[PDB]
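J.: Attaching a single structure in C-alpha cells format; questions to follow.
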Amino acid sequence: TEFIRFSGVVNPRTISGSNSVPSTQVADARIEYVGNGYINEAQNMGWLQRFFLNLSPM
Amino acid sequence: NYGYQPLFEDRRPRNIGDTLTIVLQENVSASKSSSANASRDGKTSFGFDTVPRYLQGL
C-alpha cells in the first residue's frame with residue numbers, strides 16, 4: 001500500500017479555470033509519498049548497519 | 001470582509017499572511033590564482049693549456 005499525502009495553503013487567485021493549481025504555488029507545502037509491505041521493508045537499513053553508519057569511526 | 005482590493009493593480013502581498021512565489025535561481029562563481037618564480041644560473045672557467053716560459057711563474 002502506497003500513500004500520497006499533501007497539505008498546504010492556497011491563494012484563491014492562483015487557482016486556474018479548471019480548478020487546478022501547481023504545487024509550487026502552495027505556501028506551506030507538505031508532500032509525502034510512502035509505502036508499506038515487504039517492498040518498503042526491503043528499503044530499510046538493518047539495525048546493525050544503521051548503528052555502524054552512525055557510530056563507526058569512518 | 002477582506003477590505004479594499006484594487007481592481008487593475010497586480011496582485012501583490014500587502015499584509016501579514018499573504019503568499020509570494022520565490023524563484024530560487026542562484027549562480028555564484030569566484031576564482032583566484034597566482035604564481036611566482038625566480039632562476040639564476042652561473043658558470044665560469046679559465047684554463048691555461050700551454051703556458052709560455054715567461055708566464056710560467058704566474
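Labeling convention for the C-alpha cells: chains A, B, ... as they appear, residues from 1 per chain, ligands from 1 in order of appearance.
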When you get a sec, could you note down which chain A residues fall within 10 Å of chain B, using only C-alpha atoms, as a PyMOL selection string?
T.: chain A and resi 9-11+13+24-28
J.: Can I get the selection written as a CSV table (one decimal), in the first residue's frame, with N, CA and C atoms?
T.:
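For reference, selection.csv as written:
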chain,number,residue,atom,x,y,z
A,9,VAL,N,-1.3,25.7,2.0
A,9,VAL,CA,-2.1,26.9,2.0
A,9,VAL,C,-2.2,27.4,0.5
A,10,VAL,N,-3.3,27.7,0.0
A,10,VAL,CA,-3.5,28.0,-1.4
A,10,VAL,C,-4.2,29.4,-1.5
A,11,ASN,N,-3.6,30.3,-2.3
A,11,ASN,CA,-4.2,31.6,-2.6
A,11,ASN,C,-5.3,31.3,-3.7
A,13,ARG,N,-6.6,33.2,-5.9
A,13,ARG,CA,-6.4,33.8,-7.3
A,13,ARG,C,-5.3,33.0,-8.1
A,24,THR,N,3.8,24.4,-6.8
A,24,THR,CA,4.8,25.4,-6.5
A,24,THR,C,4.2,26.7,-6.0
A,25,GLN,N,2.8,26.8,-6.1
A,25,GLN,CA,2.1,28.0,-5.6
A,25,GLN,C,1.5,27.8,-4.3
A,26,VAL,N,1.8,26.7,-3.5
A,26,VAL,CA,1.2,26.5,-2.2
A,26,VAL,C,2.3,26.8,-1.2
A,27,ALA,N,1.9,27.7,-0.2
A,27,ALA,CA,2.8,28.3,0.7
A,27,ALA,C,3.5,27.3,1.6
A,28,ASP,N,2.8,26.6,2.5
A,28,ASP,CA,3.4,25.6,3.4
A,28,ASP,C,3.2,24.2,2.9
J.: Could you state the separation of atom CA of residue 33 of chain A and atom CA of residue 20 of chain A in Å, given to one decimal place?
T.: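 Taking atom CA of residue 33 of chain A and atom CA of residue 20 of chain A, their separation equals 20.3 Å.
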J.: Run DSSP on the backbone and grab whatever in chain A lands in strand (DSSP E); send it over as a ChimeraX atom specification.
T.: /A:2-7,30-35
J.: Could you save those same residues with C-alpha atoms as a CSV table (one decimal), in the first residue's frame?
T.:
chain,number,residue,atom,x,y,z
A,2,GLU,CA,1.3,3.4,-1.0
A,3,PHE,CA,0.2,6.8,0.5
A,4,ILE,CA,0.5,10.2,-1.1
A,5,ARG,CA,-0.3,13.0,1.3
A,6,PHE,CA,-0.4,16.7,0.6
A,7,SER,CA,-1.0,19.7,2.9
A,30,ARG,CA,3.9,19.3,2.9
A,31,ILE,CA,4.3,16.5,0.4
A,32,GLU,CA,4.7,12.8,1.5
A,33,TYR,CA,5.0,9.7,-0.6
A,34,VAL,CA,5.5,6.5,1.4
A,35,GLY,CA,4.5,2.8,1.4
J.: Between atom CA of residue 1 of chain B and atom CA of residue 18 of chain A, what distance in Å does the model show, to one decimal?
T.: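 Value for the atom CA of residue 1 of chain B-atom CA of residue 18 of chain A distance: 26.1 Å.
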J.: Where does DSSP see helix (DSSP H, G or I) in chain A, if you list the residues as a list in words?
T.: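 DSSP-assigned helix (DSSP H, G or I) residues in chain A: residues 12, 13, 14, 23, 24, 25, 38, 39, 40, 41, 47, 48, 49, 50, 51, 52, 53, 54 and 55 of chain A.
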J.: Using N, CA, C and O atoms, can you write the selected residues to a file as a short mmCIF file (atom, residue, chain, number, x, y, z; two decimals), in the first residue's frame?
T.:
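selection35.cif written:
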data_model
loop_
_atom_site.label_atom_id
_atom_site.label_comp_id
_atom_site.auth_asym_id
_atom_site.auth_seq_id
_atom_site.Cartn_x
_atom_site.Cartn_y
_atom_site.Cartn_z
N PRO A 12 -6.53 31.84 -3.43
CA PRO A 12 -7.63 31.59 -4.38
C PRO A 12 -7.36 32.10 -5.79
O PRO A 12 -7.85 31.50 -6.75
N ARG A 13 -6.61 33.19 -5.95
CA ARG A 13 -6.39 33.75 -7.27
C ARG A 13 -5.35 32.99 -8.08
O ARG A 13 -5.19 33.27 -9.27
N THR A 14 -4.62 32.06 -7.47
CA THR A 14 -3.68 31.22 -8.20
C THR A 14 -4.34 29.99 -8.81
O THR A 14 -3.71 29.31 -9.62
N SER A 23 1.73 22.73 -7.59
CA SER A 23 2.20 22.57 -6.22
C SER A 23 3.23 23.61 -5.81
O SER A 23 3.51 23.73 -4.61
N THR A 24 3.80 24.35 -6.76
CA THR A 24 4.79 25.37 -6.45
C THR A 24 4.17 26.70 -6.05
O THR A 24 4.90 27.64 -5.72
N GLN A 25 2.84 26.80 -6.06
CA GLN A 25 2.13 27.99 -5.62
C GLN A 25 1.47 27.81 -4.26
O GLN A 25 0.66 28.65 -3.86
N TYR A 38 6.42 -5.68 2.38
CA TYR A 38 7.82 -6.12 2.37
C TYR A 38 8.66 -5.34 1.36
O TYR A 38 9.89 -5.29 1.51
N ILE A 39 8.03 -4.73 0.36
CA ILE A 39 8.77 -3.86 -0.56
C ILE A 39 9.35 -2.67 0.19
O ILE A 39 10.50 -2.28 -0.03
N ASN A 40 8.57 -2.08 1.10
CA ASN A 40 9.07 -0.95 1.88
C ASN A 40 10.08 -1.38 2.92
O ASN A 40 11.04 -0.66 3.19
N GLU A 41 9.90 -2.57 3.52
CA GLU A 41 10.88 -3.04 4.50
C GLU A 41 12.20 -3.43 3.84
O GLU A 41 13.25 -3.41 4.50
N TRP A 47 19.41 -2.82 11.39
CA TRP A 47 19.70 -2.05 12.60
C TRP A 47 21.20 -2.00 12.87
O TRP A 47 21.73 -0.95 13.26
N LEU A 48 21.90 -3.11 12.66
CA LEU A 48 23.35 -3.12 12.85
C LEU A 48 24.05 -2.21 11.85
O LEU A 48 24.99 -1.49 12.20
N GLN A 49 23.60 -2.21 10.59
CA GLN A 49 24.21 -1.35 9.58
C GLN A 49 23.95 0.12 9.87
O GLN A 49 24.83 0.96 9.66
N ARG A 50 22.75 0.45 10.35
CA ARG A 50 22.46 1.83 10.75
C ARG A 50 23.33 2.24 11.94
O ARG A 50 23.87 3.36 11.97
N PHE A 51 23.47 1.35 12.92
CA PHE A 51 24.32 1.62 14.07
C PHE A 51 25.76 1.88 13.64
O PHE A 51 26.41 2.81 14.14
N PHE A 52 26.27 1.09 12.70
CA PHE A 52 27.62 1.31 12.20
C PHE A 52 27.72 2.61 11.40
O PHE A 52 28.67 3.37 11.57
N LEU A 53 26.74 2.89 10.53
CA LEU A 53 26.75 4.12 9.76
C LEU A 53 26.74 5.35 10.65
O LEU A 53 27.25 6.40 10.24
N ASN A 54 26.16 5.25 11.84
CA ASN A 54 26.12 6.40 12.75
C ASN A 54 27.27 6.44 13.74
O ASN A 54 27.59 7.53 14.23
N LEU A 55 27.89 5.31 14.07
CA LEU A 55 28.89 5.28 15.13
C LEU A 55 30.25 4.74 14.71
O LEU A 55 31.16 4.69 15.54
#
J.: Quick one: pull the distance between atom CA of residue 21 of chain A and atom CA of residue 12 of chain B, Å, one decimal.
T.: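 Computing it gives 17.9 Å between the two atoms.
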